[PDB]
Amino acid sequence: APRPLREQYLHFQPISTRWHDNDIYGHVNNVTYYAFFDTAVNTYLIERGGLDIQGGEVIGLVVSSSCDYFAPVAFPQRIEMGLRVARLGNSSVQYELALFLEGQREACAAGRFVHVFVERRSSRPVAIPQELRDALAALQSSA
């Protein structure tokens, strides 16, 4: 089975839920979890890896992603992303994430996604800059 626990992740981010996260069936819509993934990863890249989204030469593009869902959460509930790095490559990295509900031990959902690092003007993949590598390595998972 699962399920994922908080101590299996390296870094955490609270994310506040918004009215419109819920859909017609009353819980956070599956699409929104990936917004959560994307937000946790890039928040980390900016505060700890020197990512410059406004004018930086090198950017992370999502080449792929996925998620399994174990139990719903709903606005206005309080949640938290665990983030870890499964592998750091030469020009890409695979993240693993998990959504946690405040007060619950087991993850509501767990997924992965993959960045490739490219030159912003051309979109040629490029070796990950060093400052970013240092930050990404600091997230290395245990398994």
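Residues carry their position along the shown sequence, with the first being 1.
In this entry, 100 to 108 has the higher mean Cα B-factor, the comparison being between 75 to 83 and 100 to 108. When all modelled residues of the chain are sorted by CA temperature factor, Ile24 is found within the lowest third. For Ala138, the recorded CA B-factor ranks within the middle third of the chain. Only modelled residues enter the ranking. Among the modelled residues of its chain, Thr43 has a C-alpha B-factor that falls in the lowest third, as given in the PDB entry. Remark: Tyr34 belongs to the lowest third of its chain, ranked by C-alpha B-factor as recorded. The deposited CA B-factor of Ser66 belongs to the lowest third of values across its chain.
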